[PDB]
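Single-structure report; data block below.
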Amino acid sequence: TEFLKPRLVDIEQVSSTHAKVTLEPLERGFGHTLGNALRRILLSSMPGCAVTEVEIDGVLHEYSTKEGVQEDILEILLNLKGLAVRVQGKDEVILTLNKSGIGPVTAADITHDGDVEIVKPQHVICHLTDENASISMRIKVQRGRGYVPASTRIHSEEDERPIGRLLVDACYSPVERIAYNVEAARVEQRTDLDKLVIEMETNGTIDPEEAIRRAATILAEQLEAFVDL
Amino acid sequence: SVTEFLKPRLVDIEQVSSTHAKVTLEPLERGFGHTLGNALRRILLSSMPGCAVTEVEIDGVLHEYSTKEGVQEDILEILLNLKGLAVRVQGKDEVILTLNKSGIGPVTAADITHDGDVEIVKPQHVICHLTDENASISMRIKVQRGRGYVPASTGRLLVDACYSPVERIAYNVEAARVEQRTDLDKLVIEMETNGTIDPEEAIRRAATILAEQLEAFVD
Amino acid sequence: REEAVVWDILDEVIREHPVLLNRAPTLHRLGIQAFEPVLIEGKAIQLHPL
Amino acid sequence: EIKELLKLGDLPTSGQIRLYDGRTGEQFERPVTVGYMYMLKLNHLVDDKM
Amino acid sequence: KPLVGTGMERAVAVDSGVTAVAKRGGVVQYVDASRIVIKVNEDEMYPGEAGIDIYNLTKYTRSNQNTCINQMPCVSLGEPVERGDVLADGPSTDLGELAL
Amino acid sequence: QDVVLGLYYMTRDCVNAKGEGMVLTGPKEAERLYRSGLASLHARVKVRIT
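Respectively, the protein sequence lines represent chains A, B, C, D, E and F.
Just so we're aligned, residue 6 is where the first sequence starts under the deposited numbering, counting upward by one.
Going letter by letter, the second sequence gives residues 4 to 157, 169 to 233 in the deposited numbering.
Just so we're aligned, residue 403 is where the third sequence starts under the deposited numbering, counting upward by one.
Just so we're aligned, residue 1194 is where the fourth sequence starts under the deposited numbering, counting upward by one.
Just so we're aligned, residue 697 is where the fifth sequence starts under the deposited numbering, counting upward by one.
Just so we're aligned, residue 504 is where the sixth sequence starts under the deposited numbering, counting upward by one.
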C-alpha cells in the first residue's frame, strides 16, 4: 500500500482547439483506468452551448430559399449548426445577424455581445450575391449536454412554436476527439509510475483546466453510490 | 439540468452465498454503466491489497521437480493448494508460519501454528493427505502483505500471491427505463471473494480507492 | 393520448402474453414460433441469434 | 500501387491497424482492417414498412 | 463524392439530364440558388439576340419515388465557364460527379 | 456463424504464448489472469478441474 494521487502537473494549450494535459503520478493500471473513464466521461457528458432555433426575416420553412443568397435555407441552417460560441452566465441568448451587400456573411456579422464569445470568427454562414441583398435572422443559443434532435425537442416543448421558427439539431458536446497516452515518469527514483497525458481536440469553447475537473467531478459523484453501501 | 446526472438506487444485493453476491445498480445514465463497472473491476481484480502466501520452504526438498514421498499429492500440487489459502494478517508486512503434522490422515488448515495475530479464515482448508503410519511433514510458510495478484515472475520456493481477495468479479449492463426513455443502463455486478473480506464491503473499498484518486480535481 | 400511464398499462398487459412470429415463406413448422415480448424503442423486431 | 500509395502517407503498408475498445480501454488482439468504404442508404427504410 | 470511383461518373452525371449544363461558354453574372444568369461570350453570341443566358434551376420537387430533386449551384459569380460545363449539381451529384 | 468463430478462437492453443506453463488453482483464477492481462488466452497451462 503506497498509492499516490494524481495531479495535473502540466497543461499545454497547443491551439485554440487542440490541447494536452498530464496527470502525474499514477500507480500501475491507474493510467488505463483514469484514461478510459475520463475519456468516456469527456466524450459523453461535457456540457456546451449550441444553436437551437433560428428565425430568418422573410422565410417560412427550411425548405424554402432566400432571394440573393448562394446557399439554400437548409444549407444556412447546416452552417449555423457548426457555429460554436461561449456564453457568460446565461442559459439562453438571442443573437441578431444583420447583413447586406455582395460578399460572404461570416460570423463576425453577428451582433457581438459582452457575454457572447465566438471561437472562430472566420466561420462563413452564407454568401450574398446581390448588391441590395440582405438577410436578418434571430439565432437562439442554449446551454446543455448531449445531442437533442429537433423532433424530440418540439414534442417535449408541449406548445406550438410560431410559423417561421426553424429548429436545428444541437450537438452541445464541445469535445471532438480525446486520446490518452500513458508513459512512465522519473519520480522518486522509482519506475511504474504512469504519467497519463490526455490530448483533446475540442471546438474551442471550453478550456481543459475546467473540462477535466468537471469530468472528475462527474465521476466522483456517480461513484458516491458504490461507497454508500 | 446541465449538472444533474441521474443517481442510481441499488435494487438489491442478492448474497447468493456468503462469498458471492449480485449487487445491482439502477438506473445509470447511458454510457455510465461501463464507465463505472470496468473501473471498479480494474481496481478490484489487480490492485486490491491483502495478505497471501508468497514463499514456502518444505522440509528436505529442493524443488517441486522433486516429489517427496509420504504425501499423496505432489509438491507442485501442494504449492497450488497452499496458494489457495486465504489469510488475514494483522499489523505485519511478512510472517513465517510453521505447519507440522503427523499420522495417517489429511493435513488441514486448522493445524497451522496460530500466532493469535494471524487469522486463517478457512481452517477447513485441506492441505494434503499423509500416506504413512509415520508420515510427518513440517514446512515454513511465508506470508506477505501487498496488492494485486503477483505472478511467478520473481531452499525457498515461490508461489503466486493472491493478495487481492476478490476471486472473481463480472458485470453486465442492461436496459432500464423511466417514464419517458428506455436508453438508460441497469448495472448488474457479481463478485465472489476468498471470504476474508465480504464482497459488499470489498466494492466499498474499491470505490473508496478510486474516489481518493479523483480528489485533486473535483471541487 | 399516449399518456405516460398508458405505457405502464402496456408494460403490465404484455407481461406474460406470447406473440407468434412467422417469417414467410414458412416451409416447415419451425418457421412459426412463440416468444415472450419485451418493449423496444425502435421500429424493428428484435430477434434472437440462435 | 495500393501499397505504394499507403507508403506515400504515413499509413501502415499492411493496411490493417490496431484498435482499442471504447468501453474497456483494452487493445483488440491482432490488428483489424479499417478504411473508408462508400456506403449508400437503400430506399427500403423501415418506417415505410412497419 | 466517392473517394474511389471509376471515372464513369463524369459522364453519367452529365448525360443524366438532371444537372444544369452551360449551353455556351461565358462568364457568370448572377446566382441566387434559383436562377443562374450567364453572360455568354460574344464569340458565341448571336448578333441580334440578347447575348445573356439564364438558367432557372429547379428546387425541391417530388420525384416518382417521393424524393426531392432540387438542383443547387456550384459556380461562383464571375467564374468563367465553357460550353458543356455543369453549373448546378442535381440530386446525388456534386461538382459534376455522380455521388449516391 | 459468429459464435462458433468466437469459441474456436477462445479454445485454440499456441506453441509459445504469454503465461505459458504455469499452474492455475482453478478456472476462476485463470479468468482473473486473463482479465489482468498476465496470460494469453491460447496459453498452455495446468488447471485443477473438477
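Even for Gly, the Cβ is constructed at its ideal location relative to N, Cα and C.
Residue i, buried or exposed, once every other Cβ within 10 Å from all chains shown has been counted against 16
{"i": "residue 224 of chain A", "result": "buried"}
{"i": "residue 15 of chain B", "result": "exposed"}
{"i": "residue 532 of chain F", "result": "buried"}
{"i": "residue 156 of chain A", "result": "exposed"}
{"i": "residue 437 of chain C", "result": "exposed"}
{"i": "residue 75 of chain B", "result": "exposed"}
{"i": "residue 233 of chain B", "result": "exposed"}
{"i": "residue 34 of chain A", "result": "buried"}
{"i": "residue 45 of chain B", "result": "buried"}
{"i": "residue 49 of chain B", "result": "buried"}
{"i": "residue 231 of chain B", "result": "buried"}
{"i": "residue 168 of chain B", "result": "No coordinates are present for residue 168 of chain B, because the numbering of chain B runs from 157 directly to 169."}
{"i": "residue 227 of chain B", "result": "buried"}
{"i": "residue 235 of chain A", "result": "Past the boundaries of the shown model lies residue 235 of chain A; chain A is included only from 6 to 234, so the question cannot be answered."}
{"i": "residue 47 of chain B", "result": "buried"}
{"i": "residue 535 of chain F", "result": "buried"}
{"i": "residue 1198 of chain D", "result": "exposed"}
Beta-carbon proximity list for residue i, same chain, < 6 Å, skipping 5 on both sides
{"i": "residue 755 of chain E", "result": "766"}
{"i": "residue 40 of chain B", "result": "185 and 201"}
{"i": "residue 29 of chain B", "result": "11, 14, 190 and 200"}
{"i": "residue 175 of chain B", "result": "55, 57 and 153"}
{"i": "residue 104 of chain B", "result": "110, 114 and 140"}
{"i": "residue 725 of chain E", "result": "733 and 735"}
{"i": "residue 549 of chain F", "result": "526"}
Neighbour flag for residue i against chain C, beta carbons, 8 Å
{"i": "residue 1241 of chain D", "result": "no"}
{"i": "residue 122 of chain B", "result": "no"}
{"i": "residue 17 of chain B", "result": "no"}
Cβ neighbours of residue i in the same chain (closer than 8 Å, five flanking residues each side left out)
{"i": "residue 23 of chain A", "result": "204, 205, 206 and 207"}
{"i": "residue 78 of chain A", "result": "61, 64, 66, 67, 68, 69, 70, 71 and 171"}
{"i": "residue 723 of chain E", "result": "734, 735, 737, 774, 775, 776 and 777"}
is_contact[residue i, chain A] using C-beta, thresh 8 Å
{"i": "residue 773 of chain E", "result": "yes"}
{"i": "residue 196 of chain B", "result": "no"}
{"i": "residue 1208 of chain D", "result": "no"}
{"i": "residue 233 of chain B", "result": "yes"}
{"i": "residue 189 of chain B", "result": "no"}
{"i": "residue 52 of chain B", "result": "yes"}
{"i": "residue 733 of chain E", "result": "no"}
{"i": "residue 202 of chain B", "result": "no"}
Nearest to residue i (by Cα), restricted to the options the options
{"i": "residue 471 of chain C", "options": "C:438, C:422 and C:406", "result": "Absent from the structure is residue 471 of chain C, since the part of chain C shown begins at 403 and ends at 452."}
{"i": "residue 444 of chain C", "options": "B:231, B:229 and B:196", "result": "B:196"}
{"i": "residue 752 of chain E", "options": "E:714, E:740, E:738 and E:744", "result": "E:714"}
{"i": "residue 84 of chain B", "options": "B:132, B:73 and B:44", "result": "B:132"}
{"i": "residue 553 of chain F", "options": "F:508, F:528 and F:522", "result": "F:528"}
{"i": "residue 6 of chain A", "options": "B:59, B:150, B:101 and B:47", "result": "B:150"}
{"i": "residue 113 of chain B", "options": "B:17, B:89, B:194 and B:95", "result": "B:89"}
{"i": "residue 129 of chain B", "options": "B:139, B:169, B:211 and B:109", "result": "B:109"}
{"i": "residue 142 of chain A", "options": "A:214, A:159 and A:116", "result": "A:116"}
{"i": "residue 173 of chain B", "options": "B:21, B:82 and B:198", "result": "B:82"}
{"i": "residue 182 of chain A", "options": "A:162, A:166, A:213 and A:198", "result": "A:213"}
Test: residue i CB closer than 8 Å to a CB of chain D
{"i": "residue 186 of chain B", "result": "no"}
{"i": "residue 700 of chain E", "result": "yes"}
{"i": "residue 446 of chain C", "result": "yes"}
Residue i Cβ short of 7 Å to the ligand GDP heavy atom set
{"i": "residue 553 of chain F", "result": "The ligand GDP is not among the ligands present in this structure, which contains no ligands whatsoever."}
Interface flag, residue i vs chain B, CB-CB below 8 Å
{"i": "residue 153 of chain A", "result": "no"}
{"i": "residue 526 of chain F", "result": "yes"}
{"i": "residue 148 of chain A", "result": "yes"}
Neighbour flag for residue i against chain E, beta carbons, 8 Å
{"i": "residue 94 of chain A", "result": "no"}
{"i": "residue 1253 of chain D", "result": "No statement about residue 1253 of chain D is possible, as the shown extent of chain D runs from 1194 to 1243 and does not include it."}
{"i": "residue 1213 of chain D", "result": "no"}
Residue-level contact to chain F via CB, residue i, 8 Å cutoff
{"i": "residue 49 of chain B", "result": "yes"}
{"i": "residue 12 of chain B", "result": "no"}
{"i": "residue 181 of chain B", "result": "yes"}
7 Å Cβ shell around residue i - same chain, five flanking residues per side excluded
{"i": "residue 25 of chain B", "result": "15, 17, 19, 202 and 204"}
{"i": "residue 708 of chain E", "result": "794"}
For the segment 77 to 91 of chain B, enumerate the residues whose C-beta is nearer than 9 Å to any C-beta of chain F, in chain order.
-> 79, 80, 82, 83, 84, 86 and 87
Mind checking the segment 778 to 794 of chain E against chain D and listing, in chain order, the residues whose C-beta falls within less than 9 Å of any C-beta there?
-> Result list empty, no residue passes.
Please name the residues in the segment 25 to 45 of chain B whose beta-carbon is closer than 7 Å to at least one beta-carbon of chain D, in chain order.
-> 37 and 41: these are the residues of the segment 25 to 45 of chain B whose beta carbon lies less than 7 Å from some beta carbon of chain D, given in chain order.
Listed from N- to C-terminal order along the chain, which residues in the segment 742 to 754 of chain E have their beta-carbon within a distance smaller than 9 Å of any beta-carbon of chain A?
-> none
Could you list the residues in the segment 533 to 545 of chain F with a C-beta less than 9 Å from some C-beta on chain B, going in chain order?
-> Residues 534, 535, 536, 538, 539, 540, 541 and 542.
Give the residues from the segment 206 to 228 of chain B that approach chain F closer than 8 Å (Cβ to any Cβ), ordered along the chain.
-> 206
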